[PDB]
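**Student:** Structure in structure tokens, see below.
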Amino acid sequence: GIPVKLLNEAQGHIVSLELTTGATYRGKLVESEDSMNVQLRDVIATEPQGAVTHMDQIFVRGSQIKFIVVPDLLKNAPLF
Amino acid sequence: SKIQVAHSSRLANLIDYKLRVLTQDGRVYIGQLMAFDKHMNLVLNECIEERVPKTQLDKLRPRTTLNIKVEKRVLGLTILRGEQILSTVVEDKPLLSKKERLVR
Amino acid sequence: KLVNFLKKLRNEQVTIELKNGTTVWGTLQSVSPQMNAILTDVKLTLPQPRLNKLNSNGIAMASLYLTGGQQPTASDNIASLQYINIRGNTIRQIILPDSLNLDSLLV
Amino acid sequence: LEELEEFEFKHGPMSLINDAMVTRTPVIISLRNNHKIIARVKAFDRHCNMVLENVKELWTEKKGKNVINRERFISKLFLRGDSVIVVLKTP
Amino acid sequence: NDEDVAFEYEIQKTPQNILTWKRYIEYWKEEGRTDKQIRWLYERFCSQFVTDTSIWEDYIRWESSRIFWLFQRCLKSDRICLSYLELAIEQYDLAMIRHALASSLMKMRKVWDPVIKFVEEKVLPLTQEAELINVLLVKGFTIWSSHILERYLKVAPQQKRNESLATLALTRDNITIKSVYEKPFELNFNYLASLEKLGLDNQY
Amino acid sequence: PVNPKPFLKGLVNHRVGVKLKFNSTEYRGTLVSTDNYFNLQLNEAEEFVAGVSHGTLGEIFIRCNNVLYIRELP
Amino acid sequence: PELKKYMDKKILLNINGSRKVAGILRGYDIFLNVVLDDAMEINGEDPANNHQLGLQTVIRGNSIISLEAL
Amino acid sequence: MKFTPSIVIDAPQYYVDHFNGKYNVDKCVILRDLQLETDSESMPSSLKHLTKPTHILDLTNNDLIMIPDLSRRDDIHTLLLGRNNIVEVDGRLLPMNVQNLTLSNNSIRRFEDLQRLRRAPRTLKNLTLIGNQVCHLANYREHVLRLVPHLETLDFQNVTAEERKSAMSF
Amino acid sequence: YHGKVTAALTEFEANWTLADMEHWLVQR
RNA sequence: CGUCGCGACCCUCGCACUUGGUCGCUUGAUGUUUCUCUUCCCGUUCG
């Protein structure tokens, strides 16, 4: 339904997502899939404890996403 | 005092209602429900997370005289994944936008 | 099969017990095909000894407090909610009304 | 479709539960939280959901360094099947 | 407790604000004041508005034997009497169900079809060789259903006239059929039978 | 070769040890039947926790998801 | 998994149990199973603590948490 | 007017953003210029109808003689009471988690009228007392500070470390 | 009326304010 | 470990639809990982 489509509308923007592990990633959503798999590019990663690190590109499996934070502009999307 | 909702209110009726969404790691997400899914994936606008710190958790034990000081993160427009939801509770109804106050 | 039995229990008082041990006393208003319950005039509770074992029950106590209904400081952490929607995967047990004529519902 | 269900409940492993239901004998269900339930099966399905009668629930709880048994009697109950570890036929 | 008085002063501010009385009642439900207390408050809620029935209909929705007693009062005092037609039909005492409905049609009527089935379908099944020659020789050697049928035929269209006449015959309305017919073969022969059984030999 | 389900259908009427993924429990018993979903029915079962027997159970039905492995016992 | 852009490139996976495996992606699956060539178990900075795994290595997809390019 | 249930139930509720800058998140309940006179046999029982949660309660320009008994509120982090006729500041009556309190242009005349401010919750970060008679008195600011030294702002002027370190020495 | 009463048919058919509390609130 | 801030030096002259750099916190508080308590003035609540 709408929640995955909203993650398609977020492509090209800086998403922030938290995993079940507590790890955080923030970066440009370059791909996303109906399973909520995502690809982030130019990624600020963060271990659950808060130790930051940086990565060029990452793929994240949907099963392990806790939540995804999406740009505020998309509250204007025609989906709603 | 608190909000009452009609007993027939399915999740599809609670769109634009501000929910508290309770999740498998003991945290709550609070925001107006913009959309949902068969999985209970949720879109929460202007979302704010709360958690109970381990320093406050002791205050939940036996002796409204307890006053827990939760820790909060303002998240913004957020998609919750369905696996994480334990339960949802209605916190508030759709309010008038403050624009509507403006007299002229 | 038997979720279509639960769908008949509308407007009847049930004590749902959750996987984490929280007990939800309330009037059952709905059961989705996936066992998502909706209940009204609810009283969440955590059994007495569970409040002493915070390594296992800290998450349960935190989710109970964060419902915002625990304005009562009653022991066993009672929280009162006018409405709750419970995702069906979280249900451990449903303690049914004693007077329920099971045969008429199952047949 | 449903013919396979009537096959599997008759020949397959759940024939134990079916036999216990038909002969009305109590089963000792063992749950993922280490609670036992001793009860009569009134109905079940492929997920091992059950409607149970005369449920007796049994478990240990701990005080300090020793354990005290606890008990409940529940007249009628429904059990979500994902929580079942084992079901044992009472002799 | 104090909290009632906060609504009472509000009633003294503007008593015709219906939402004040509604919120006052709602608080008394939420705390659970007794039935005989809430009755006094609902009767106040009606008495301040005795010119309009809608508040009586909310009262009846809470009083739901006293709801039938007050409904008999509200029928004596017409859309609510139309709403009563299903309850009134189940009383089966036809004068008590029919009089309020015909009064509501007089001050309009929607019961005109359910009561027709109350005649032919509901009342009529219960209200209805050599042996025949023996009976005839012995003779030789020696009406609520009818009223219901007449009421139905009073405003019945031409197509249902035969059905009404047949219902009158099934109600053993010999005199009524004889009177009405004086104003299809089967109807004529039914009038024959009414004359023959009533003993009007010269006309028969 | 022997695929999982043909193999398990071959162990029926032979004694197996079903080790669960939980509680370090292993049930040792005669396999009577199995589901397409790999539920199991054992007879003459013995509960073992960490190799210490909790005695003979009789018949047991074991839900598929609790199982770590089934091993044949010689 | 439109994962093709990683093919024959080196990747580092974080997988269930906080374990990490690095290797060359030689194939993938609907369930996000993956095949690694030249695979290595990683658990520290010290190359003596990291272990060269087998010539071929299949990772069952529900275990993968993230799959990070190198 | 005086407090009645419809007044407290009908009151405009809308989310504001003044505490966040980006998102509208604080429910502001408006009771302004409404000329509610206080009456203990009408007001607190009416305030049992004040919606929950609520975060700013704006009782500006009302005829209250003391701070309303909102002591049962965990949620009202901002209480506005400007231009009211408050005479005494009983810190028991404040909300449990009140952070900002605005007593501008009330009728407070002596430090004895302030003395029970000491009882206010340690969550109180902001106080406004401008336009009270008390603001003209000598050592007024130092008095308010040693009554409640954990203020961060008093009369919209920052409580410096030396002011706090003075106030806590008493 | 639903017609007029007659005995033969009758037998078969039968055999089938603010002021309430305002002043009190002015003194209590 | 991080994070809210606080307060000083370093950026900008103003009518829109993320002010920037840097230092002390010798505590201004706060969240989170890993390792191994007596006593005296006193504020405020409870039955």
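Going by the structure tokens order, chains are called A, B, ..., each with residues numbered from 1, while ligands are numbered from 1 in the order shown.
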Just asking: which residues within region 20-116 of chain E are alpha helix (DSSP H) according to DSSP, as a ChimeraX atom specification?
**Tutor:** /E:20-31,35-47,54-63,66-76,79-83,85-89,94-106,114-116
**Student:** Do you know which residues are at most 8 Å from residue 32 (chain J) counting only C-alpha atoms (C1' of nucleotides), after dropping those on the same chain fewer than 3 positions away, and could you put them as a ChimeraX atom specification?
**Tutor:** /A:49 /J:1-2
**Student:** May I have the residues of chain J within 12 Å of chain B, counting only C-alpha atoms (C1' of nucleotides), written as a list in words?
**Tutor:**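 Putting it all together, I get residues 3, 4, 30, 31, 32, 45 and 46 of chain J.
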**Student:** For the residues selected in the previous step, produce a file with C-alpha atoms (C1' of nucleotides) as a PDB file, in the first residue's frame.
**Tutor:**
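Written out: result-v6.pdb:
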ATOM      1  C1'   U J   3      24.323  14.412  23.526  1.00  0.00           C
ATOM      2  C1'   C J   4      21.542  18.595  25.161  1.00  0.00           C
ATOM      3  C1'   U J  30      21.786  13.881  30.337  1.00  0.00           C
ATOM      4  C1'   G J  31      21.893   8.965  27.850  1.00  0.00           C
ATOM      5  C1'   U J  32      25.054   4.582  27.291  1.00  0.00           C
ATOM      6  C1'   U J  45       5.935  15.570  51.701  1.00  0.00           C
ATOM      7  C1'   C J  46       2.922  10.846  54.054  1.00  0.00           C
TER       8        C J  46
END
**Student:** Please run DSSP on the backbone and report, as number ranges by chain, all residues within chain D that come out as strand (DSSP E or B).
**Tutor:** D: 26-31, 36-44, 50-63, 66-79, 84-89
**Student:** For residue 63 (chain A), list every protein, DNA or RNA residue within 10 Å, evaluated using only C-alpha atoms (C1' of nucleotides), and leave out those in the same chain fewer than 4 positions away; present the list as a PyMOL selection string.
**Tutor:** (chain A and resi 19-20+35-37) or (chain B and resi 81+83) or (chain G and resi 62-65)
**Student:** I'd like the contact shell of region 50-62 of chain E - 10 Å cut-off, only C-alpha atoms (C1' of nucleotides), skipping same-chain residues fewer than 2 positions apart - returned as JSON, numbers by chain.
**Tutor:** {"E": [18, 35, 38, 39, 41, 42, 43, 44, 45, 46, 47, 48, 64, 66, 67, 68, 70, 71, 74, 77, 78, 79, 80, 83], "I": [17]}
**Student:** Please check the contacts: residues of chain I at most 6 Å away from chain E, using only C-alpha atoms, listed as a VMD selection string.
**Tutor:** chain I and resid 1 to 2 8 to 9 12 to 14 17
**Student:** If we count only C-alpha atoms, which residues of chain B reach to within 12 Å of chain H? Please list them as a VMD selection string.
**Tutor:** chain B and resid 1 to 4 18 20 30 to 32 45 to 48 64 to 69 73 to 77 90 to 101
**Student:** Skip residue 22 (chain A) itself and residues of its chain fewer than 3 positions away, then list as a short mmCIF file (atom, residue, chain, number, x, y, z; two decimals) with N, CA and C atoms, in the first residue's frame all residues within 8 Å of it, counting only C-alpha atoms (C1' of nucleotides).
**Tutor:**
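Okay, result.cif is ready:
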data_model
loop_
_atom_site.label_atom_id
_atom_site.label_comp_id
_atom_site.auth_asym_id
_atom_site.auth_seq_id
_atom_site.Cartn_x
_atom_site.Cartn_y
_atom_site.Cartn_z
N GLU A 18 16.91 3.40 10.91
CA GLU A 18 17.44 2.66 12.05
C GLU A 18 17.14 1.18 11.88
N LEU A 19 18.14 0.34 12.14
CA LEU A 19 17.96 -1.10 12.09
C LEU A 19 17.50 -1.66 13.44
N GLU A 47 27.25 2.88 14.75
CA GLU A 47 27.08 1.71 15.58
C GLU A 47 26.07 1.99 16.69
N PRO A 48 25.44 0.94 17.24
CA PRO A 48 24.38 1.16 18.24
C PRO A 48 24.82 2.02 19.41
#
**Student:** Can you pull out every residue within 9 Å of residue 6 (chain J), counting only C-alpha atoms (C1' of nucleotides), but drop anything in the same chain fewer than 3 positions away, and send it as a PDB file with N, CA and C atoms (P, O5', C5', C4', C3', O3' and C1' of nucleotides), in the first residue's frame?
**Tutor:**
ATOM      1  N   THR H 160      22.721  34.430  35.191  1.00  0.00           N
ATOM      2  CA  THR H 160      24.123  34.103  35.007  1.00  0.00           C
ATOM      3  C   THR H 160      24.605  33.179  36.119  1.00  0.00           C
ATOM      4  N   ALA H 161      25.761  32.561  35.880  1.00  0.00           N
ATOM      5  CA  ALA H 161      26.362  31.676  36.872  1.00  0.00           C
ATOM      6  C   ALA H 161      26.620  32.382  38.198  1.00  0.00           C
TER       7      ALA H 161
ATOM      8  P     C J  25      37.127  21.848  31.724  1.00  0.00           P
ATOM      9  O5'   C J  25      35.584  22.026  32.104  1.00  0.00           O
ATOM     10  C5'   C J  25      35.169  22.317  33.431  1.00  0.00           C
ATOM     11  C4'   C J  25      33.663  22.333  33.583  1.00  0.00           C
ATOM     12  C3'   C J  25      32.930  21.069  33.137  1.00  0.00           C
ATOM     13  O3'   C J  25      32.734  20.095  34.144  1.00  0.00           O
ATOM     14  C1'   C J  25      31.871  22.988  32.205  1.00  0.00           C
ATOM     15  P     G J  28      29.481  24.391  36.442  1.00  0.00           P
ATOM     16  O5'   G J  28      28.023  23.959  35.968  1.00  0.00           O
ATOM     17  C5'   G J  28      26.872  24.324  36.711  1.00  0.00           C
ATOM     18  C4'   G J  28      25.611  23.718  36.135  1.00  0.00           C
ATOM     19  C3'   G J  28      25.454  22.208  36.262  1.00  0.00           C
ATOM     20  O3'   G J  28      24.942  21.807  37.521  1.00  0.00           O
ATOM     21  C1'   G J  28      24.973  22.855  34.045  1.00  0.00           C
TER      22        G J  28
END
**Student:** Only residues of chain A matter here; which ones have an atom within 6 Å of chain B, counting only C-alpha atoms? Give them as a count of residues only.
**Tutor:** 7
**Student:** Using only C-alpha atoms for the distances, tell me which of C:37, C:20, C:42, C:101 is nearest to residue 32 (chain D).
**Tutor:**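 For residue 32 (chain D), the nearest of the given residues is C:20.
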**Student:** For chain B, list the residues within 6 Å of chain C, counting only C-alpha atoms, and write the list as a VMD selection string.
**Tutor:** chain B and resid 26 62 64 86 to 89
**Student:** Write the residues of the selection above to a file with C-alpha atoms, as a short mmCIF file (atom, residue, chain, number, x, y, z; two decimals), in the first residue's frame.
**Tutor:**
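Output file again.cif is given in full below:
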data_model
loop_
_atom_site.label_atom_id
_atom_site.label_comp_id
_atom_site.auth_asym_id
_atom_site.auth_seq_id
_atom_site.Cartn_x
_atom_site.Cartn_y
_atom_site.Cartn_z
CA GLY B 26 9.90 -0.77 24.62
CA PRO B 62 6.02 -0.63 43.32
CA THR B 64 0.39 9.15 39.97
CA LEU B 86 3.09 -4.37 19.32
CA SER B 87 0.02 -2.18 19.72
CA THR B 88 -1.51 1.19 18.87
CA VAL B 89 -3.38 3.62 21.12
#
